[PDB]
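Structure, as structure tokens:
The letters A, B, C and D name the chains in turn, as written, and every chain counts its residues from 1.
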Amino acid sequence: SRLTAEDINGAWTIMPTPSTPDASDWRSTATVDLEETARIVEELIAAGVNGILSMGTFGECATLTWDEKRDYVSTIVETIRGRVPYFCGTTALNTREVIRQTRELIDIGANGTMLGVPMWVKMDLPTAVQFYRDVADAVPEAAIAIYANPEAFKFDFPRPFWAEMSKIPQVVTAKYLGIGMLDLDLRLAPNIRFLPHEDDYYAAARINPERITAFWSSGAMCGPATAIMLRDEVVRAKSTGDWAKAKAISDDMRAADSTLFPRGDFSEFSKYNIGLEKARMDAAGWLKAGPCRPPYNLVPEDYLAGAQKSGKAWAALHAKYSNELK
Amino acid sequence: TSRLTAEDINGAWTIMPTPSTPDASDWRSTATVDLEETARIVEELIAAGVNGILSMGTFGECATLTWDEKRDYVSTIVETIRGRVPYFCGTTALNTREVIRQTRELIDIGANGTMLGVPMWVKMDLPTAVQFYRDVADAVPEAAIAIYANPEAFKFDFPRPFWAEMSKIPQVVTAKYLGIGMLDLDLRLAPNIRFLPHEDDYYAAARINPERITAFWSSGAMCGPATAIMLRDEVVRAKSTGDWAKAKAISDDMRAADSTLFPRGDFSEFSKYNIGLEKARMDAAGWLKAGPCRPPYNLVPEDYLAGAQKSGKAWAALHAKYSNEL
Amino acid sequence: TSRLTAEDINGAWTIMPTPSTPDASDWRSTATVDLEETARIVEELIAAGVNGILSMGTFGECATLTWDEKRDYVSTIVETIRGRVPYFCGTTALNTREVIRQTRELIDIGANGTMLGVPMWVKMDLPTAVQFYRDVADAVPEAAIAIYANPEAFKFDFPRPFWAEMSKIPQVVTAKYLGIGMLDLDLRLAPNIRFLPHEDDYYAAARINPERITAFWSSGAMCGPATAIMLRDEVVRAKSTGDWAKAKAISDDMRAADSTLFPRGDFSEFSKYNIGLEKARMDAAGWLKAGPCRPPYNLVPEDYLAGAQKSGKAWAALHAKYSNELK
Amino acid sequence: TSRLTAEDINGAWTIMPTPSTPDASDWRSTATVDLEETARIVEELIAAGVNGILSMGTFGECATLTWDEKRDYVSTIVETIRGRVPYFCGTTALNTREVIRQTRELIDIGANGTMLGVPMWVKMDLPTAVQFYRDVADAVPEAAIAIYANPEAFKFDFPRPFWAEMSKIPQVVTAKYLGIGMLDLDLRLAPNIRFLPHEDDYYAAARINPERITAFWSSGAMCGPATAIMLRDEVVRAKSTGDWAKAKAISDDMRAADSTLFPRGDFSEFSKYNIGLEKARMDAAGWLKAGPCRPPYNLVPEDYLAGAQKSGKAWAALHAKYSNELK
């Protein structure tokens, strides 16, 4: 059966698309490390993750070939064997390409697509709404996770957009960003499970504990124990009213993220989103994300140190929380 | 079939749309190019005396055509031209490998070059953008490249040092250029590129540097090419005689015809509706049938349409006036 | 006598306009403050039970008042308040020396602090912004400072490390804050500041950190303060009982009342017409007379005015509803 | 005696800084203008053969001077010039009434006009900006106005229809203009304005429209004016002979000298440090002493200073080269 918002809870981890050593070279044709892909999936399931996202920005949806995408998703689906829900990503330059990709990946066995908007031309509100309506009409069995990334996709996913999305049954969740208007968006869109970024989960769950039961994590790719402990401790906090431990975990997470952005600058992070994320994962040692596919295969060396330091900090959190999970 | 150089790029270079069938706005439609209208436009342009044809930029719907549509369009163009004028396809895509794949196939069909922007899901930086064009030229050495310098679409702003680097790539022979504020410097930085100003700026640019600025790009020609042909011819005469009055009068007419195109005079608003507004203007002018916009960019606020249609009628009026002078 | 601290900043902090005479849009006019309306507003706010008064931000026309107008306005406010609640003037200006000059005079008249943005002709960077506030606090050590964190007006975006630096400055006691996306972090970075969310965000912010988030800033109160007072009171009760449903209902009402204020829902357009839109809404609500805008910001597209006036009527309706629930 | 018109605006128009005393970065300092260096600069510029003097834009620290400093600076300039060349003060301020007050006093002291941007705390729209300049011209009919078209400082972007409206205001005679992308159209829309391109763009602009483009604005001249004077003279000759090669060579030298000024080639970064970078370049060139920056804009990242200093040296080298060619 198609996933609903009710079925979206806990720690939703966004995995990279592991690269072979030659993946930066435009001459290379099959650059997905399929075995590393399988290994990551089993490790996430074993850690107790609730669901898997993939194929956003750092997941290199932009720079994988179609055959690579099909092979990656096939490997994921075969590994999961129905044990947890899985979202592919099918953001593309036009509605027809999105539909083509979405139908094929769902057919292979993804449960849904994490889906941004076509971005060559900046979409307006009615265009963006009709785009998601078109995809849901065309592929009614796909769940949709709204990939609300204004830097990548130009459109800024405003309040009235969320009100419209809540009328589309297929739209069950959102990879959400800053929580300044989460309170209102929750009211406007009762049928969506809004996923804050892991660092914001603490605050969001305190805003609305009934609705905010899940979050998205990239930090888990440096070791998932931290995300699992946050999940578990927030459940306990909601029951006991004692938020101190959840707050301590959340504060540790923000510190670990503190060096990721070049000079603390998000616009600079946005330019190097792929390389910085993959470098941090490589430095953490929990998985091998590998080289970036062209064109986004060059990152200023000085920016790499901050990403690597963040990776080490998250690895240290994973060690610490692994022990607290016993 | 030896590779175009900047020396071969002169006069009026007209950018043609990709004509749509009546059902082209519907995501269910699979073969939406009117191939006969495509052939008719090409022959008409050749008959008008155009120097070269560009295609498959933003309003040309490079973003929203399917690959089979693209191949069919280019095939029809190549068969129609039968080597009589140079022809640039467009192969801007999400990643370097896809660009290369598309560029190889379209050049193989018989385009002379590609009008090429940069991958834009993630904003490129300077060295990434340089290496991208180096990679394409390395991979498809037989393709001429026209730099499609559109910062609104592609995020990257095509700065001074970028032009210096492009001038070292023999395949890069021209640029679909925008504002001329830094044209004087860019000409010095890139001696081996024929910079094409937009037609409305050709008068000013040709006066800046009459030796280098011998060509321009025209979308207004899709409303009747006589105006562009007369501008071209009169600028040649002005360069010889030193009497720029007639060239100036034509150029001023062109700016007036463009004056209602932008919604509330706002370029950011034009950028969002670049496809629909251009196609609507052409439809209003009656010289060709551009037809409906492919999804998702198939909705334009009604009030913005009037300005585009008025511009189309103004350009049609120019074409009638200048037809009588040629 | 002693300088305000964060501990003294609680509850509903209402930001008042600078009432205009009928001729206030004309550059020829010289004394455009309705000083009696100013006095009447202050007494009405105190009577409603407001905890403190802010003034002289953007809609308060700090940019467009003359210096004599500012001195007369503040004098009237100080003499009306008679020490009963704390009061912040505003002294944002083009340079540090002018800020200091204005701050010293208005504090001397008897304001307790200044609600202060940064000089904005040139976009400030982080170290220059920090040193600016250090310089003002050094020069006028008796002034409390409310950081006026408005990136649209002031260009500087008031980032995380800025708040960490401000928390080392004893004079910096509060902030007129905006979106709460990084409030959790900012609270950790700046233990010594009372961060004031906008009233519509107070519900969410108070649930994030009920210990720290005890106060908020209100412009809706200028359309009738009962709603803000009710929100204040009900959030105190929610923190004690754990039952947040009534506070949530009031907060939801407030957001609905604000829903038509921004032209086509666009904040960049709101930013251009911040003064005229706020003053028009207050005029429509009928609780006070904000009056015409001082030049140059005395023209607002007519279509944008209806949305502001509708918001003013919605807030007036809330005030009537909550007045009855208070009493 | 009579008000300047566009017809009177020709040649090299040099924008001078406001020379600082050594203590000028300290907010405690009250009289930070080096009035003798001011007088020296003015006489040097006149001696070099400059056609007019502009002052009190961004790097000229209109935003950070006190009023007494501004009056003293302008008084010194007026008494030095003794009517020999036209002089524009600058009176950009936060509101129309302040602009008018300042403009009346500085024109009264003896400036011929004001180089005037728009109030920028709130981003102006088109009709507001137009009415602002109408208001100033109505209030101070004897002042010539130079439109200071700086969208980074003033937020408003000075669009095509704005120039059409300005051409109906007789007092508006010139513009300190930026990029020339739409100069061709703006010239058509505003026949009564002498558009001043930046010196590096003068070559291109003069080739676009040699009848209209007869003047330019120079900051490079503050590193030695010979280059600007030679550009001016050689462009006159080019227009007569049709031989543009020498003008092109001078213009290309100017662009090279500017090539290191912007931090990492980034204009947004230049905009933040516009004051410090310009003053540092002038200090490095050695032709005049611009001196420390008034607060708050008194801190520039050290790495950015080297690029400004290198530009100053390059301009000084051009001044030496062209001094010899004028002889």
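The rule is simple: contacts are C-beta pairs under 8 Å (C-beta built on N, C-alpha and C of every residue); 3 or more make two chains touch, one makes a residue touch a chain.
In UniProt terms, the chains line up like this: A, B, C, D = Trans-O-hydroxybenzylidenepyruvate hydratase-aldolase.
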| item | value |
| --- | --- |
| A-B or B-D - the one linked by more C-beta pairs in contact | A-B |
| Distance from the mean Cα position of chain C to that of chain B, given in whole angstrom | 51 |
| Computed distance of Cα centres, chain B from chain A, in Å | 38 |
| Chain contact topology (line, ring, star, complete or other) | ring |
| All pairs of touching chains, each written as two labels joined by a dash | A-B, A-C, B-D, C-D |
| Chain B-facing residues of chain A, complex | 26-27, 57, 61-65, 91-97, 99, 117-124, 126-128, 130-131, 134, 138, 151-152, 270-274, 293-298 |
| Residue ranges of chain C touching chain A (in the complex, touch as defined) | 159-161, 179-185, 188, 201, 203-204, 207-208, 242, 251-252, 255, 265 |
